[PDB]
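**Student:** Handing you this structure, nothing more for now.
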Amino acid sequence: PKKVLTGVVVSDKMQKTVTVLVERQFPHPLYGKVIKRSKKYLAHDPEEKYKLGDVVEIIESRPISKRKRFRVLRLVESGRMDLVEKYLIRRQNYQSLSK
Amino acid sequence: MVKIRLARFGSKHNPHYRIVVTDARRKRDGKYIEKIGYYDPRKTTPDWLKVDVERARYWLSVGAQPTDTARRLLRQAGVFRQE
Amino acid sequence: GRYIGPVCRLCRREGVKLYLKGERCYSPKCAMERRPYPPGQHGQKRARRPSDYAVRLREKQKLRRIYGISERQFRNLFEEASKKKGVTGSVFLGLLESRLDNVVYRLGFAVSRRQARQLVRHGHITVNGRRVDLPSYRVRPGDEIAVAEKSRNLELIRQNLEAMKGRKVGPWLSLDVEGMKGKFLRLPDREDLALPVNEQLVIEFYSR
Amino acid sequence: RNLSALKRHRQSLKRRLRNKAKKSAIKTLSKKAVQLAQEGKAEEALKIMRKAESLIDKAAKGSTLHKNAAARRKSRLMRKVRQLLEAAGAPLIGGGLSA
RNA sequence: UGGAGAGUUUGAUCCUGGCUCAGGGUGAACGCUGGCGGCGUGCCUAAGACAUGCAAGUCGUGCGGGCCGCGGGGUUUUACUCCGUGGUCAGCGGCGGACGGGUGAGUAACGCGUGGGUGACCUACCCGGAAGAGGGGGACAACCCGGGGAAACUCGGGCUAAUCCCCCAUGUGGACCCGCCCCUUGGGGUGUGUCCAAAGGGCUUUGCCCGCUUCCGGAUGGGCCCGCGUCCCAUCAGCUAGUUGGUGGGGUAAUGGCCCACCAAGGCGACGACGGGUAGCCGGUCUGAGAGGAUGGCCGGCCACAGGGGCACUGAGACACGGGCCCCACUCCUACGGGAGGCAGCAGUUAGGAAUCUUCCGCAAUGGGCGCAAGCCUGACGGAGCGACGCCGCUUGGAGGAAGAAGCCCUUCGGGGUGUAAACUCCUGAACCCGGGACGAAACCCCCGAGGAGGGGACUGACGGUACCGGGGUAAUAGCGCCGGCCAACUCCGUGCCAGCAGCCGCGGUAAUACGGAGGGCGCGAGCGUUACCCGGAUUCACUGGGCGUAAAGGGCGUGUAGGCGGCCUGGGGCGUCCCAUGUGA
Ligand SMILES: [Mg+2]
Ligand SMILES: [Mg+2]
Ligand SMILES: [Mg+2]
Ligand SMILES: [Mg+2]
Ligand SMILES: [Mg+2]
Ligand SMILES: [Mg+2]
Ligand SMILES: [Mg+2]
Ligand SMILES: [Mg+2]
Ligand SMILES: [Mg+2]
Ligand SMILES: [Mg+2]
Ligand SMILES: [Mg+2]
Ligand SMILES: [Mg+2]
Ligand SMILES: [Mg+2]
Ligand SMILES: [Mg+2]
Ligand SMILES: [Mg+2]
Ligand SMILES: [Mg+2]
Ligand SMILES: [Mg+2]
Ligand SMILES: [Mg+2]
Ligand SMILES: [Mg+2]
Ligand SMILES: [Mg+2]
Ligand SMILES: [Mg+2]
Ligand SMILES: [Mg+2]
Ligand SMILES: [Mg+2]
Ligand SMILES: [Mg+2]
Ligand SMILES: [Mg+2]
Ligand SMILES: [Mg+2]
Ligand SMILES: [Mg+2]
Ligand SMILES: [Mg+2]
Ligand SMILES: [Mg+2]
Ligand SMILES: [Mg+2]
Ligand SMILES: [Mg+2]
Ligand SMILES: [Mg+2]
Ligand SMILES: [Mg+2]
Ligand SMILES: [Mg+2]
Ligand SMILES: [Mg+2]
Ligand SMILES: [Mg+2]
Ligand SMILES: [Mg+2]
Ligand SMILES: [Mg+2]
Ligand SMILES: [Mg+2]
Ligand SMILES: [Mg+2]
Ligand SMILES: [Mg+2]
Ligand SMILES: [Mg+2]
Ligand SMILES: [Mg+2]
Ligand SMILES: [Mg+2]
Ligand SMILES: [Mg+2]
Ligand SMILES: [Mg+2]
Ligand SMILES: [Mg+2]
Ligand SMILES: [Mg+2]
Ligand SMILES: [Mg+2]
Ligand SMILES: [Mg+2]
Ligand SMILES: [Mg+2]
Ligand SMILES: [Mg+2]
Ligand SMILES: [Mg+2]
Ligand SMILES: [Mg+2]
Ligand SMILES: [Mg+2]
Ligand SMILES: [Mg+2]
Ligand SMILES: [Mg+2]
Ligand SMILES: [Mg+2]
Ligand SMILES: [Mg+2]
Ligand SMILES: [Mg+2]
Ligand SMILES: [Mg+2]
Ligand SMILES: [Mg+2]
Ligand SMILES: [Mg+2]
Ligand SMILES: [Mg+2]
Ligand SMILES: [Mg+2]
Ligand SMILES: [Mg+2]
Ligand SMILES: [Mg+2]
Ligand SMILES: [Mg+2]
Ligand SMILES: [Mg+2]
Ligand SMILES: [Mg+2]
Ligand SMILES: [Mg+2]
Ligand SMILES: [Mg+2]
Ligand SMILES: [Mg+2]
Ligand SMILES: [Mg+2]
Ligand SMILES: [Mg+2]
Ligand SMILES: [Mg+2]
Ligand SMILES: [Mg+2]
Ligand SMILES: [Mg+2]
Ligand SMILES: [Mg+2]
Ligand SMILES: [Mg+2]
Ligand SMILES: [Mg+2]
Ligand SMILES: [Zn+2]
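If you want it as structure tokens, here you go:
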């Protein structure tokens, strides 16, 4: 079954493409305590319908481009920028680390 | 093509084939699609043969030329007898 | 194989009367009756309390020496003992007994085990028809530990047969003294056994 | 020394040419097709698009161009032809195309 | 069903804490020693260089000849020929050379493992189902002549065959453009237009077998794709021009920035990007109570490579270890123009290294390739060979024999110990000699039937006159480590901080159980020790299972980002979590 994922859209700046971020969770192989990690997926969106802050089902799909092997399935809830808030904040503390 | 043949096993001087369906290419003591019953050239035990004639029927059915000295243990093991 | 050297000598270190000798060890002289002390320049002086080591050690050397057997082989059996279910201390011993060259002793076809080995090894014995000569041969329950045809009327065979009349032996065994053959009833219970050895101490030493 | 695998080699040479040959005909006829196609002349465009289509499938009957690559050529070739004759023109002669 | 600890900081004590040992382990090596077999196993280093032999071919039932041996009728025969013909060695032609076999250099990556996706894919031969096979033409090798060349080879000129090439037809059907429905990523059906088939060969002839072509299915093998798992250094912190995405095209079996033109300004990163170091991954293996750690030899799977690098051709399949072109390095030949070669296949050489074998036997077995079969080649494989390298079985004897030999140690001068040990008697009988001697092999191939099912009928064994079986038959290899504590096992002499020992604590400066020799003892035995490395001990990285007032360890103090953690009660979903079945876990 073509694996599927809900993650929030996190960038629309692409032409017919969208960045989707998906926290999975699982237990640490030695320390058990469920830990949380996440990955960005490059979804396809030929209708350029989905905007930022959308939470979306994403399906494993025929390869569209170098990084796109998923397509947007369906919305799950519009207004949820608060999550993108986070992904942006995170991505901004970086700029204050270099030298 | 697919094949049905003896797959040697067990020590030196103590042969112990395994009558199996592999792809013609796979090496002898190789990986294989399935086991359809052991064999013994020496017959040290009363069980010096066996064959899941059921599935063997199948592989021949989906086409699968076996060895020659493997027919010698499909005939002499009753697979083609319909009467 | 067995330390061919001086043997009425071990009885002396362990300090227990051990029957590696046949007639003589029953006489006044297992080496021991005249000299009850350990070998060597000393040993006749006041010994010292064996560390928890020496004890677990010497007890092992006892039960091993009793069978005059390969350390690697022993060691192996000890481990095989843990391999299977039950009380390891017993089966170890029970397994020791299954050893063919030990049966031709419990069945007395010879005065010693070392003697017993000779005959077994020399094809003098047999089992269910075949001339087994592998001292190792594990006797399963219920098998004619007979004597071979060329062998029946043998010099040192009979001298042990005519001496083997009567005298009950082994609840886990049975001897057709006439037909010259025995049976392995079952696997020697612990109670059925009686050796100068604490099995529990030998396990200890086999943990180091 | 002489492991007569050479026969295999000499063979390949003879082969190489033979389908190199068939293959270039594909191309040049194919071009001379799209050519006359765009230019305007339709009955002529198709008339060439014909021995075009032919020469393709013909190369297919052997070790040369094969599989649906024999098709992919047509699927685009005539596909381009139609589109160009389409430029103000009209399906003049009953070419290899169905109207 | 499984978990032990010891020595050593002090005058002594408890604690903290290092160090150290006993265990098991190996593709081992080195030392002293070394009898027998069985099954395993053996270049870890220079992916350094290789002499010689052998490792992939096969079909005369695709075709035509060079050659060669046998035979004959027909014509009274001569000229003989054609065919039957078998053998050849080449050529065209077909299938195989991508499997098998070697090795881990590279590779930190969809490479591997694991579980899925392909409506985005191919798949020779095999199996199943449908359809069809009508006619016509041509080229090039062999061969003949000529030419150049040291060789390697090669240029030209002229014939010829075919299951080689090509053309028109028939189109079951299939490919494509567009249109329609169903479906839903490029899946399925239909319509109109165009396009594409084919090869003969055998025998026992009124026929069957081996083949051909189109098409659909089947099976097997594979491409591609994704979630997840997969090493050290943050004293590597920022990285990115095909870079990220779009549109159209090229390419492919097929998706994709895989490649190109055009546009957009993106993509990645402390959840560790980028760099550097290191390394084939796995089933497994070692160790450990276990969680864990270490590991990937042999065997099986996957990957990658074939002196280094690049390339494409042929092909269902490779950019192909024993195919091709190019460059570089290296070796050889040369008539100086030129040419040949690739063991990380088996075996063997040399090199380096502490170190790794026979240039054996055989296609009998199993397996593969071609073939209608007979059969041909198969250093895969089946065996044999050499090294205690490993595991396992066996042997060097069995019984009896002294208050107890001789010798040699010790001694309070009575004695003690080696020691039943030896001697001696008897019994057994490895080795050795004689005889007999396979299993591994019943199939393909022969008659009945029908070349099928079914029965029956014969050949074939390298190992090997070995295994094993019977007869005769000789008492017939022992060695190494240790003996102060941990740690089993004491004394005598020599030595005098010298000679030397050592894992640690330490020992030896006249009285050494610590050095060396002896007797004796302990351990283990065809082995015993040493060194190396992995796990254990080490609860000494602590999840299991640790700490921080003074023993090592609380940031000098706040404030807060991310992150982690979160009170009471009702309800919805059910993500974790749990349970059941099912596929998978070769
Ligand atoms: Mg047990
Ligand atoms: Mg129980
Ligand atoms: Mg245990
Ligand atoms: Mg000290
Ligand atoms: Mg052998
Ligand atoms: Mg190597
Ligand atoms: Mg012929
Ligand atoms: Mg001929
Ligand atoms: Mg044929
Ligand atoms: Mg000929
Ligand atoms: Mg003439
Ligand atoms: Mg002629
Ligand atoms: Mg091999
Ligand atoms: Mg290797
Ligand atoms: Mg790296
Ligand atoms: Mg990966
Ligand atoms: Mg990954
Ligand atoms: Mg996979
Ligand atoms: Mg799976
Ligand atoms: Mg029909
Ligand atoms: Mg012709
Ligand atoms: Mg012709
Ligand atoms: Mg035509
Ligand atoms: Mg039709
Ligand atoms: Mg046609
Ligand atoms: Mg036609
Ligand atoms: Mg034709
Ligand atoms: Mg043809
Ligand atoms: Mg024709
Ligand atoms: Mg006829
Ligand atoms: Mg790119
Ligand atoms: Mg621009
Ligand atoms: Mg590497
Ligand atoms: Mg490396
Ligand atoms: Mg584990
Ligand atoms: Mg590793
Ligand atoms: Mg690893
Ligand atoms: Mg290797
Ligand atoms: Mg290997
Ligand atoms: Mg391997
Ligand atoms: Mg190369
Ligand atoms: Mg090389
Ligand atoms: Mg190369
Ligand atoms: Mg090749
Ligand atoms: Mg190549
Ligand atoms: Mg080679
Ligand atoms: Mg010269
Ligand atoms: Mg010269
Ligand atoms: Mg010249
Ligand atoms: Mg040159
Ligand atoms: Mg021969
Ligand atoms: Mg063969
Ligand atoms: Mg050979
Ligand atoms: Mg040696
Ligand atoms: Mg050695
Ligand atoms: Mg004396
Ligand atoms: Mg004396
Ligand atoms: Mg004696
Ligand atoms: Mg004696
Ligand atoms: Mg005598
Ligand atoms: Mg005998
Ligand atoms: Mg004879
Ligand atoms: Mg016949
Ligand atoms: Mg003989
Ligand atoms: Mg003979
Ligand atoms: Mg042998
Ligand atoms: Mg004999
Ligand atoms: Mg002591
Ligand atoms: Mg001195
Ligand atoms: Mg002294
Ligand atoms: Mg002292
Ligand atoms: Mg001393
Ligand atoms: Mg010492
Ligand atoms: Mg640990
Ligand atoms: Mg630990
Ligand atoms: Mg803790
Ligand atoms: Mg602590
Ligand atoms: Mg403070
Ligand atoms: Mg709730
Ligand atoms: Mg509910
Ligand atoms: Mg398992
Ligand atoms: Zn005694």
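Chain order of the listed sequences is A, B, C and D.
Quick note: the first sequence uses UniProt numbering, first residue 2, plus one each step.
Quick note: the second sequence uses UniProt numbering, first residue 1, plus one each step.
Quick note: the third sequence uses UniProt numbering, first residue 2, plus one each step.
Quick note: the fourth sequence uses UniProt numbering, first residue 8, plus one each step.
Beta carbons are placed, not taken as given, at the ideal position from N, Cα and C, and that holds for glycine.
Any chance you could list the residues with Cβ under 7 Å from a heavy atom of ligand 3, keeping chain order?
**Tutor:** The answer, residue by residue, is C:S83 and C:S208.
**Student:** Would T69 (chain B) pass as a contact of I4 (chain B) if the rule is Cβ separation under 8 Å?
**Tutor:** Residue 69 (chain B) sits at position 69 when you count from the first residue of the second sequence. Residue 4 (chain B) sits at position 4 when you count from the first residue of the second sequence. No, these two residues do not count as a Cβ contact at 8 Å.
**Student:** With a threshold of 7 Å on Cβ separation, who are the neighbours of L162 (chain C) within its own chain once the five nearest residues in sequence on each side are excluded?
**Tutor:** Your numbering for residue 162 (chain C) matches position 161 in the third sequence. For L162 (chain C), where only same-chain residues beyond five positions count, the Cβ hits under 7 Å are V178 and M181.
**Student:** What whole-angstrom Cβ distance do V21 (chain A) and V10 (chain A) have, given they're in contact under 8 Å?
**Tutor:** The residue you call residue 21 (chain A) lines up with position 20 of the first sequence. The residue you call residue 10 (chain A) lines up with position 9 of the first sequence. The pair is a contact, with the Cβ atoms about 5 Å apart (cut-off 8 Å).
**Student:** Hey, how far is the Cα of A49 (chain D) from the Cα of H45 (chain A)?
**Tutor:** Sequence index remark: in the fourth sequence, residue 49 (chain D) carries index 42 (1-based). Sequence index remark: in the first sequence, residue 45 (chain A) carries index 44 (1-based). Approximately 40 Å between the Cα atoms of the pair.
**Student:** Below 8 Å between beta carbons: does that hold for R75 (chain A) and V57 (chain A)?
**Tutor:** In the first sequence, counting from the first residue as 1, residue 75 (chain A) sits at position 74. In the first sequence, counting from the first residue as 1, residue 57 (chain A) sits at position 56. In this structure, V57 (chain A) lies closer than 8 Å to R75 (chain A) by Cβ.
**Student:** Between the C-alpha atoms of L43 (chain A) and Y51 (chain A), what's the straight-line distance to the nearest angstrom?
**Tutor:** In the first sequence, counting from the first residue as 1, residue 43 (chain A) sits at position 42. In the first sequence, counting from the first residue as 1, residue 51 (chain A) sits at position 50. Rounded to the nearest angstrom, the two C-alpha atoms are 13 Å apart.
**Student:** Go through its chain and collect everything with a Cβ distance to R118 (chain C)'s Cβ below 7 Å, but skip five positions before and after it.
**Tutor:** Reading the third sequence from its first residue, position 117 is the one you call residue 118 (chain C). Same-chain partners within the cutoff: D102 and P136.
**Student:** Could you round the C-beta distance between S113 (chain C) and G23 (chain C) to whole angstroms and report it? I think they count as a contact, below 8 Å.
**Tutor:** In the third sequence, residue 113 (chain C) corresponds to position 112, counting from 1. In the third sequence, residue 23 (chain C) corresponds to position 22, counting from 1. Contact flag correct, Cβ pair sits at about 5 Å.
**Student:** Give a yes or no on contact between the segment 65–79 of chain C and the segment 185–192 of chain C, applying the rule of three or more CB pairs nearer than 8 Å.
**Tutor:** Cβ pair count under 8 Å is below three, so no.
**Student:** Would you kindly work out how many angstroms separate the C-alpha atoms of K65 (chain D) and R25 (chain A), rounded to a whole number?
**Tutor:** Translated into positions along the fourth sequence, residue 65 (chain D) becomes position 58. Translated into positions along the first sequence, residue 25 (chain A) becomes position 24. Spanning the two alpha carbons is a distance of roughly 55 Å.
**Student:** Per the contact definition of three or more C-beta pairs closer than 8 Å, is the segment 29–44 of chain B in contact with the segment 8–23 of chain C?
**Tutor:** Segments in contact, no.
**Student:** What distance in whole Å lies between the Cβ atoms of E200 (chain C) and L94 (chain C), which are believed to be in contact at a cut-off of 8 Å?
**Tutor:** For this step, residue 94 (chain C) is matched to residue 93 along the third sequence. For this step, residue 200 (chain C) is matched to residue 199 along the third sequence. Indeed, because the Cβ distance is near 6 Å, the residues count as touching under 8 Å.
**Student:** What are the residues that DSSP puts in a beta bridge with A44 (chain A)?
**Tutor:** In the first sequence, counting from the first residue as 1, residue 44 (chain A) sits at position 43. BP columns for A44 (chain A) point to A:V19 and A:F71.
**Student:** With 16 as the cutoff for other CB atoms within 10 Å, does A12 (chain D) come out buried or exposed?
**Tutor:** Residue numbering aside, residue 12 (chain D) sits at position 5 when the fourth sequence is read from its first letter. Classification for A12 (chain D): exposed.
**Student:** Is the beta carbon of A59 (chain D) closer than 8 Å to that of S82 (chain D)?
**Tutor:** Position 75 of the fourth sequence, counted from the start, is the residue given in the question as residue 82 (chain D). Position 52 of the fourth sequence, counted from the start, is the residue given in the question as residue 59 (chain D). In this structure, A59 (chain D) does not lie closer than 8 Å to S82 (chain D) by Cβ.
**Student:** For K3 (chain A) and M1 (chain B), what's the separation of their Cα atoms in angstroms?
**Tutor:** Counted from its first residue, the first sequence places residue 3 (chain A) at position 2. Counted from its first residue, the second sequence places residue 1 (chain B) at position 1. Answer to the nearest angstrom: the Cα atoms are 32 Å apart.
**Student:** Going residue by residue through the UniProt domain "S4 RNA-binding" (100–162) of chain C, where are the continuous alpha helix (DSSP H) segments of at least 4 residues, counting only ones entirely within it?
**Tutor:** Taking only runs of at least 4 residues, the alpha helix (DSSP H) segments lying wholly in the UniProt domain "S4 RNA-binding" (100–162) of chain C are 101–107, 114–122 and 156–162.
**Student:** What residue does the beta strand (DSSP E) around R25 (chain B) start on, and which one ends it?
**Tutor:** Locating residue 25 (chain B) in the second sequence gives position 25, where the first residue counts as 1. Element bounds for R25 (chain B): n/a, residue is neither H nor E.
**Student:** For ligand 5, is there a heavy atom less than 7 Å away from the beta-carbon of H29 (chain A)?
**Tutor:** Looking up residue 29 (chain A) in the first sequence gives position 28. No; taking the cut-off as 7 Å, the Cβ of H29 (chain A) has no heavy atom of ligand 5 nearer than that.
**Student:** Below 8 Å, can you find three or more Cβ-Cβ pairs linking the segment 25–33 of chain D to the segment 67–81 of chain D?
**Tutor:** They touch, by the three-pair rule.
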